[PDB]
Amino acid sequence: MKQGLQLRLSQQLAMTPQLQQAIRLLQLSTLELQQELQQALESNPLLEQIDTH
Amino acid sequence: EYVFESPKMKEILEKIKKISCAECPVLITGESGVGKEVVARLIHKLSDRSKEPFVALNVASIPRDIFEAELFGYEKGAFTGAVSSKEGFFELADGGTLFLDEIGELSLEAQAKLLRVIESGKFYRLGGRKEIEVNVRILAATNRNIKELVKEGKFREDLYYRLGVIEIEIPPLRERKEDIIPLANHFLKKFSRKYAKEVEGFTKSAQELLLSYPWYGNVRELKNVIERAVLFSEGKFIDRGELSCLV
Amino acid sequence: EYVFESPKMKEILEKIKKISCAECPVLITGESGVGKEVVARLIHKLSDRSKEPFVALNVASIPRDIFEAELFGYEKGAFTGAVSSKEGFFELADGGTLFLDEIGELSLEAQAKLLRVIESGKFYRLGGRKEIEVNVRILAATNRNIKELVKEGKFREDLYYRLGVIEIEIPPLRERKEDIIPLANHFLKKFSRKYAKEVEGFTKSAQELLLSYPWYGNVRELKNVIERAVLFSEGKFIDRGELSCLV
Amino acid sequence: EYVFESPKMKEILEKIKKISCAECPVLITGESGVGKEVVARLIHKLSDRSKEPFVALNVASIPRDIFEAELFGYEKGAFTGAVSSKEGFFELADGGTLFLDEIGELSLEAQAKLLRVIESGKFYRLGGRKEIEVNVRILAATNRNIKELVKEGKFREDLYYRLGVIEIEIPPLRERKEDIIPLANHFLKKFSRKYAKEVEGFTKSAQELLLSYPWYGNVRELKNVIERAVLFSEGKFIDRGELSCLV
Amino acid sequence: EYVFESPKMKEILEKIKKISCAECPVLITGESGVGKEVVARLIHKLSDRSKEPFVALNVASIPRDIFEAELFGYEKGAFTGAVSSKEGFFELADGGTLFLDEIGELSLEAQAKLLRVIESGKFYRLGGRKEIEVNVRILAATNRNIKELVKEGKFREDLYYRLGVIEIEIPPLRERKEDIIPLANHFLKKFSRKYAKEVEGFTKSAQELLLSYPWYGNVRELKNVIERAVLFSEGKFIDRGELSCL
Amino acid sequence: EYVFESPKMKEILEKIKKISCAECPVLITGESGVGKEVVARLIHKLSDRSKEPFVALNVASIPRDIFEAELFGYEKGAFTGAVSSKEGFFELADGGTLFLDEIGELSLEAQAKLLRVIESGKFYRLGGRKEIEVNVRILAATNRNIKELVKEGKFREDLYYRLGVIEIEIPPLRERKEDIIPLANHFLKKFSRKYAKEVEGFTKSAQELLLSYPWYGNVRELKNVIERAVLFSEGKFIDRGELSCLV
Amino acid sequence: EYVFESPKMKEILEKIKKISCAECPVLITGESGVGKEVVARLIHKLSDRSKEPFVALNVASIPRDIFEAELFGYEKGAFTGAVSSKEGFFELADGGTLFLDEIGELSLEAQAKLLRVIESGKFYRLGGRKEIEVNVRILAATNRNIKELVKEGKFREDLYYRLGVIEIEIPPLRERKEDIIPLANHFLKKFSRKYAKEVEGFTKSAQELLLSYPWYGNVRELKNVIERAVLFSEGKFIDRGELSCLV
Amino acid sequence: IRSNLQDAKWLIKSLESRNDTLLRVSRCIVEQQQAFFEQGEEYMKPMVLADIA
Ligand SMILES: Nc1ncnc2c1ncn2[C@@H]1O[C@H](COP(=O)(O)OP(=O)(O)OP(=O)(O)O)[C@@H](O)[C@H]1O
Ligand SMILES: Nc1ncnc2c1ncn2[C@@H]1O[C@H](COP(=O)(O)OP(=O)(O)OP(=O)(O)O)[C@@H](O)[C@H]1O
Ligand SMILES: Nc1ncnc2c1ncn2[C@@H]1O[C@H](COP(=O)(O)OP(=O)(O)OP(=O)(O)O)[C@@H](O)[C@H]1O
Ligand SMILES: Nc1ncnc2c1ncn2[C@@H]1O[C@H](COP(=O)(O)OP(=O)(O)OP(=O)(O)O)[C@@H](O)[C@H]1O
Ligand SMILES: Nc1ncnc2c1ncn2[C@@H]1O[C@H](COP(=O)(O)OP(=O)(O)OP(=O)(O)O)[C@@H](O)[C@H]1O
Ligand SMILES: Nc1ncnc2c1ncn2[C@@H]1O[C@H](COP(=O)(O)OP(=O)(O)OP(=O)(O)O)[C@@H](O)[C@H]1O
Ligand SMILES: [Mg+2]
Ligand SMILES: [Mg+2]
């Protein structure tokens with residue numbers, strides 16, 4: 001009956017997707033996966049990788 | 001108990017007896033308080049499906065954004081917050097009767113969605129995949145002039161002609177004057193016992209005004225007037241003086 | 001606690017006492033500030049259900065999009081955000097009285113949702129599949145000529161006859177000339193106790209001016225005038241010069 | 001801190017001191033820039049609620065589709081997107097005063113949502129089944145003439161008598177000739193201190209010019225003129241030539 | 001980089017310099033193409049908020065029903081679809097300058113919504129209960145006559161005195177006849193450099209023709225004319241023939 | 001391929017060649033069917049953005065209420081029902097050309113929204129706090145005298161000088177009689193190939209009739225006439241009889 | 001099935017069969033009841049799209065506020081209410097023929113919204129950022145002389161030149177003096193077959209009345225009158241009395 | 001510290017899931033093509049992603 005942009009309180013049935021997260025890790029090869037892991041290690045102080053030094 | 005003491009109403013009752021066996025949708029028509037609910041319940045009672053559930057519904061009380069979800073049901077995960085799978089009204093009343101009061105308030109989208117199931121006879125749940133058969137006897141009622149609605153465009157022509165297989169129109173009470181007197185006494189005995197009043201009948205002068213007043217509310221207005229007269233009057237008989245203010 | 005010295009108010013009180021046993025809906029009409037809510041609460045108090053809830057609603061403050069959820073309740077999972085089941089105002093007032101204030105400000109589309117609950121008392125929740133039956137007495141109050149609204153087409157005719165089973169109209173204070181002097185004194189005393197003043201009564205000229213002035217706000221405006229007179233009073237008696245400048 | 005020198009502006013102060021113990025709603029009227037908010041905050045400060053919140057609310061910036069949610073609040077699950085219970089401005093201002101600024105801009109449909117809360121003080125939250133009672137004093141300010149609007153029809157009659165218990169009208173600055181010079185000197189001192197200038201006072205010609213100008217913006221316009229004069233000044237005395245904008 | 005040679009346009013520059021220590025709102029008026037945006041940005045540049053954000057907002061481009069949401073912001077759960085809190089433009093321009101361009105095209109309903117934020121700087125977000133205080137300097141520009149509109153009744157009186165603490169009116173180009181030739185040379189040099197042409201001046205006839213045309217679009221129309229002349233130029237001097245568009 | 005034979009058309013073509021190195025907005029004016037879109041697409045093809053998008057937009061088919069959301073876009077929570085971010089048309093045509101077709105039908109309220117974007121190229125989305133900068137070249141077409149509209153007051157003066165940096169006016173076909181016969185032959189060959197007819201040319205009398213007719217639909221009307229003549233032809237040549245539509 | 005007997009009807013049939021290979025938009029002009037829709041359906045049947053949908057739309061009956069949404073459709077999240085995507089009429093009739101009934105009653109503003117789609121065939125759905133391309137044959141019907149309407153300024157000239165490639169006119173029954181008897185006989189025998197009536201043919205007396213009686217509703221009213229007469233028929237042959245009863 | 005710890009846990013779980021999925025898919029592929037590893041080519045079986053899925 002009308003086409004407008006409004007702010008209102010309604011009761012609606014809502015759908016939403018739930019897939020995309022952590023799926024990018026499957027396609028990556030081992031070398032790119034290690035590079036991404038290094039990038040994650042740099043930003044997160046609580047992540048460490050096993051070393052022999 | 002109901003009152004059917006007019007030839008125009010007696011032939012309607014005979015048509016009810018000749019229609020109650022059928023399994024096609026019925027559409028009732030009339031003014032306010034003519035007896036559409038009575039007609040629908042008599043149709044359901046006189047049919048073989050009397051023991052089957054009778055679900056009466058008010059289509060104007062169903063929110064738009066969930067309309068179909070209320071009428072066809074939904075499965076698990078159909079929308080966010082769907083914690084279970086609930087059946088619709090077409091599945092609640094299976095083998096019985098579905099009454100849709102005031103069928104004139106549906107939006108065009110609602111009319112199309114209802115007509116789809118009425119024609120095809122099968123529907124899918126909101127989040128489901130399997131199909132469900134109807135096995136539902138559909139009755140509808142309204143007081144609006146459906147011809148004017150379809151001519152204007154507020155009501156779909158296909159839906160009306162699909163529901164128009166059987167049509168029953170109760171005449172207004174102003175055309176059923178011979179039925180006015182039997183109705184009033186029927187109310188008079190009901191309320192007098194209900195309120196412990198000793199009123200037992202009308203006076204001759206009082207009955208004259210009953211047949212002379214145009215009843216805009218039809219039976220409901222007459223019942224209201226009789227209830228007021230019984231509640232307020234405290235004499236053996238109801239006189240025209242008491243009804244003068246009410247009428 | 002209230003003054004009903006006028007003959008018309010005495011007759012209204014007699015009618016209120018006459019319908020104590022009944023449970024039919026009541027429609028109250030009048031001007032602004034005449035005492036419609038006083039009459040409604042007196043009707044509730046004199047009835048047999050006087051110990052039951054008296055749920056008063058302002059139908060103009062219920063949002064259009066959630067009218068059905070705030071009046072019939074809903075089941076959990078009926079819509080996104082319906083985390084738990086809730087009741088409605090009809091179940092909250094079950095066994096008691098429901099008062100609808102300023103019912104003339106109700107939109108035409110929202111008046112079609114009250115057609116079946118008022119008459120029969122049976123309804124379904126949102127997402128519920130079992131019928132709920134309640135016993136609620138219904139009182140409605142409006143300050144507009146409801147019959148004129150029906151004639152002009154802004155009020156549904158099928159709802160007026162469901163509501164107006166018993167109609168009570170309260171005359172304005174301009175015609176209740178006997179109640180002006182008492183209602184003043186009463187209010188005076190009340191305010192003379194609230195602010196701890198030494199006022200004891202009106203002079204004869206002040207009473208004459210009170211009787212002469214045509215009140216447009218009725219008892220509410222009388223309250224306001226008396227409160228202003230008491231607040232700024234300095235003396236044992238209220239003179240004409242104070243309330244004259246007030247009016 | 002404020003200047004009250006004219007005889008008409010001293011009876012207002014006496015009235016403010018007289019209504020210290022009251023709790024009735026106050027309505028303030030007057031032209032633009034006369035000091036309505038100054039009077040409102042002075043009324044709040046000289047009462048027993050002086051240590052309580054003063055919630056100043058512009059009723060013209062509340063969207064009409066969420067109005068009921070702003071004043072009354074809601075509960076979790078009231079609608080889609082409501083994930084936590086939230087309070088309203090009537091519950092935020094409990095124990096203090098609520099100041100409705102520019103009450104004359106409220107639409108007719110938005111004035112009907114307040115009728116039951118101005119007087120009684122009880123309401124229900126959106127989706128709440130428990131009644132909430134608050135103790136709030138209501139001040140309202142407008143620059144219109146509500147008595148004219150009510151007769152015209154743009155303002156509800158039943159709300160004017162609820163809000164208008166004590167009415168205060170502030171005269172325009174052109175009728176407050178004894179306030180012009182003290183206000184001018186006060187503004188000059190304030191702005192000379194703020195801008196670190198070396199201005200001290202006015203010249204006799206400038207003072208004569210100020211007393212003749214028919215101020216339309218009243219005190220706000222006088223304040224703007226003094227600020228302009230201070231910003232562009234070089235000497236110690238402001239001359240008639242500097243106040244060339246008045247001519 | 002801007003040209004200010006007319007006697008009227010240098011008093012305005014001096015007045016702009018003299019108000020560098022103030023924080024009062026400014027109202028700029030004139031015709032179209034006179035340079036209100038230039039004056040507003042120069043006011044911002046020559047003040048103490050030089051490094052602070054300059055938010056230029058076209059108040060006629062905001063939808064009617066989301067005006068408050070845009071200007072003030074909202075909290076989570078304010079309405080159906082408010083999934084997270086979001087700031088407004090008064091919080092975005094906090095500590096800086098807000099330039100409400102073309103304030104004359106604002107409806108009376110929308111003028112009453114920003115009546116308390118201009119003088120106080122305090123407001124409530126949609127669905128928010130705490131009061132927010134900001135420090136923003138307001139500049140407004142319009143080609144109408146706000147005083148005449150207020151007298152008519154289509155502009156609110158209570159907003160004009162909140163905005164018009166300092167008022168600057170820019171004269172039309174047809175009266176700043178000392179600026180026409182410097183502006184023409186400036187635009188000619190700019191466009192000749194940009195399009196890589198060889199034009200470097202006007203003839204005497206062209207100069208006499210530029211000093212009599214009643215510029216209706218003012219400096220913008222002059223810029224358009226110079227751009228057309230440069231694009232279609234052939235030689236090294238623009239004759240009167242290339243200016244036949246006047 | 002297109003036909004340009006008249007000296008005015010060749011002059012317009014030379015102007016298009018000259019302005020190929022610029023990025024100024026262009027405004028095209030003429031009658032109905034003169035070839036404004038042909039000129040716009042030729043300008044796009046001969047420019048430096050030949051491989052970039054050419055977004056042709058009819059500004060009269062955009063609803064008034066959602067005009068801003070179509071051209072600027074919106075963020076996730078701009079309004080009720082907004083679920084995801086979406087770009088506008090000024091961001092879809094970044095690096096290319098935007099062709100506003102029939103700009104003369106835009107109302108003044110809608111014209112006011114296009115002021116800053118045309119010159120600056122920067123804007124904010126609906127609900128976005130970051131400024132988006134784009135590089136789009138504006139072509140606009142209309143068949144109404146924009147100068148006359150501006151003088152009358154039906155077109156904003158602030159937009160004409162932003163759009164009308166370069167102005168092209170296409171003469172009517174009535175003034176291009178050197179361009180009629182080639183267009184007729186072109187359309188005749190095109191439609192003969194399409195419909196597989198056997199016509200090959202016009203008689204001398206037919207050529208005289210075609211050249212003497214004052215075309216009001218210009219090239220579109222000529223194309224329609226030629227198509228009808230080809231469809232209804234039966235002979236090898238289209239004589240004067242087949243052109244009976246012309247008067 | 002349809003009956004074409006008049007020489008003008010045969011000429012129209014020949015024209016339709018000749019332009020069967022074309023795809024150009026067709027315009028039809030004539031009075032109501034002459035059978036414009038029948039002609040359009042016959043054109044569709046004989047064309048190359050005989051196995052494709054025939055979508056018929058009454059543009060004058062579409063509400064203004066949603067006029068775009070019906071034609072172009074919309075994308076999800078375009079506005080408050082676009083919960084799911086939709087497709088317009090131009091996309092439903094992809095590959096078929098779209099018929100525009102009562103095109104002459106279209107508002108002057110609405111016509112400008114159909115300028116490009118009729119010619120180019122490309123459009124954007126409301127909220128969509130990709131261009132939709134369709135192939136639809138446009139048939140239009142009007143009840144008024146479109147050229148005179150354009151000369152009155154009530155119709156867009158551009159739309160008239162876009163639609164009017166091939167134009168057809170249908171004379172009313174007052175000029176079709178020969179088809180009346182065959183049409184009446186066909187209708188009578190069809191209704192006899194439908195209702196299994198005893199009727200076998202009209203008498204000589206009744207035939208003259210049809211030619212005597214002028215026709216304003218044309219074929220529609222003739223069919224309605226003949227059907228009503230069939231419902232009133234009780235014998236094998238019908239005299240003039242039954243036909244003369246209606247008029 | 002708590003936010004970074006939960007992010008680290010999520011990343012470690014994602015890596016473990018990726019490795020498990022890779023092992024399962026590879027083992028299924030090897031099981032399907034069992035005659036190839038005993039006799040080389042000419043004994044390949046025709047399979048697509050649907051079979052492994
Ligand atoms: N034949 C009848 N005999 C006795 N009472 C009757 C009869 N018909 C109807 N009534 C009375 O009608 C009243 C209710 O009216 P009803 O439900 O039939 O109205 P309605 O036509 O459906 O109204 P609306 O269309 O306005 O909703 C009952 O109290 C019932 O007693
Ligand atoms: N008989 C009475 N004795 C004392 N006070 C009375 C009497 N009648 C009315 N009042 C007073 O009149 C005032 C007006 O309020 P009331 O709610 O009665 O008015 P109303 O406009 O009819 O109501 P509403 O619009 O809220 O339904 C009340 O404060 C009440 O105390
Ligand atoms: N007596 C006074 N002494 C000093 N300043 C005053 C006085 N009266 C008014 N003012 C000044 O006048 C200015 C405007 O006053 P105010 O905000 O009350 O105006 P208003 O238009 O009536 O209010 P509002 O629109 O906010 O309800 C203020 O800056 C205030 O300082
Ligand atoms: N003194 C000047 N020196 C150089 N360029 C100038 C001068 N005055 C104006 N201009 C130029 O004139 C053009 C138009 O100016 P501007 O945008 O300020 O006009 P306006 O119509 O007042 O503004 P708006 O409508 O955007 O609020 C700009 O390109 C600007 O650079
Ligand atoms: N020089 C030309 N050579 C070939 N075809 C041409 C030429 N000029 C115009 N046309 C044709 O004329 C037809 C109509 O022209 P066009 O689409 O440009 O109209 P317009 O100027 O946009 O009209 P309106 O203002 O009615 O929208 C097109 O199909 C186009 O191909
Ligand atoms: N030549 C004909 N032969 C047979 N039936 C015809 C003929 N002309 C018209 N009719 C009948 O006329 C009836 C009504 O006319 P129709 O609706 O087709 O035309 P119209 O009045 O031009 O169109 P519209 O009603 O859509 O505006 C149709 O059902 C059709 O069967
Ligand atoms: Mg009913
Ligand atoms: Mg075009």
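What you see below is based on every heavy atom in this structure, not just the backbone, and it leaves out hydrogens, waters and symmetry mates. Counting starts at 1 for both ligands and their atoms, following the listed order. Here is how names work: the chains are called A, B, and so on, in the same order as the sequence lines, proteins then strands, and each is numbered from 1.
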Run the contact test for [X] against ligand 4 with a 4.0 Å cut-off on heavy atoms, strictly below, and give the result.
X	answer
E:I170	no
F:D158	no
E:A141	no
F:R162	yes

Given [options], which has its nearest heavy atom closest to [atom]?
atom	options	result
atom 26 (O) of ligand 5	F:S32, F:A40, F:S6	F:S32
atom 1 (N) of ligand 6	G:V3, G:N224, G:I28	G:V3
atom 29 (O) of ligand 5	F:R220, F:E31, F:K223	F:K223
atom 7 (C) of ligand 5	G:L159, G:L115, F:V219, F:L222	F:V219

Review point. Hey, does F:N218 sit under 4.0 Å from ligand 5 if you only count heavy atoms?
Key: no
Check your understanding: So does E:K15 have more than 12 non-hydrogen atoms from other groups sitting under 6.0 Å from NZ?
Key -> yes
**Study point:** N-O pairing of E:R220 and E:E31 below 4.0 Å
**Key:** no
Nearest-contact summary for [atom] - protein heavy atom, Å:
atom	value
atom 22 (O) of ligand 6	G:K36 N, 2.9 Å
atom 28 (C) of ligand 4	F:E119 OE2, 4.0 Å
atom 5 (N) of ligand 6	G:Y2 CD2, 4.3 Å
atom 17 (O) of ligand 6	G:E37 OE1, 3.6 Å
atom 21 (O) of ligand 6	G:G33 N, 2.8 Å
atom 31 (O) of ligand 4	E:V38 CG2, 4.3 Å

Check your understanding: Is there a nitrogen or oxygen of G:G35 sitting under 3.5 Å from a nitrogen or oxygen of ligand 6?
Key -> yes
Practice item. Scan G:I180, G:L183, G:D179 and name whichever one has a side chain to side chain contact (heavy atoms under 4.5 Å, CB included) with G:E5. Key: G:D179
Review point. Hey, what do you get for CG (G:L42) to CD (G:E37), rounding to the nearest 0.5 Å?
Key: 12.5 Å
Exercise for review: On the 0 to 90° scale, with breaks at 30° and 60°, tag the E:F54-E:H44 ring pair as parallel, tilted or perpendicular.
Suggested key: perpendicular
Point to revise | Aromatic plane relationship, G:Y2 with G:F4 - under 30° parallel, 30 to 60° tilted, over 60° perpendicular | key: tilted
Exercise for review: Verify, without hydrogens or angle tests, whether E:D101 (side chain) and E:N58 (backbone) share a donor-acceptor contact under 3.5 angstrom.
Suggested key: no
Exercise for review: Without swapping roles, check the side chain of G:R176 against the backbone of G:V34 for a donor-acceptor pair under 3.5 Å.
Suggested key: yes
Review point. Is there at least one protein heavy-atom neighbour under 4.0 Å from atom 11 (C) of ligand 5?
Key: yes
Point to revise | Location of contacts on G:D101 toward ligand 6, heavy atoms closer than 4.0 Å | key: side chain
**Study point:** G:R174 side chain near G:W215 side chain, heavy-atom distance below 4.5 Å
**Key:** no
Practice item. Examine the side chains of F:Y160 and F:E167 and answer whether a donor and an acceptor come within less than 3.5 Å of each other. Key: yes
Exercise for review: Quick one: closest heavy-atom pair of G:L159 and G:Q111, and the distance?
Suggested key: CD2-CB, 3.7 Å
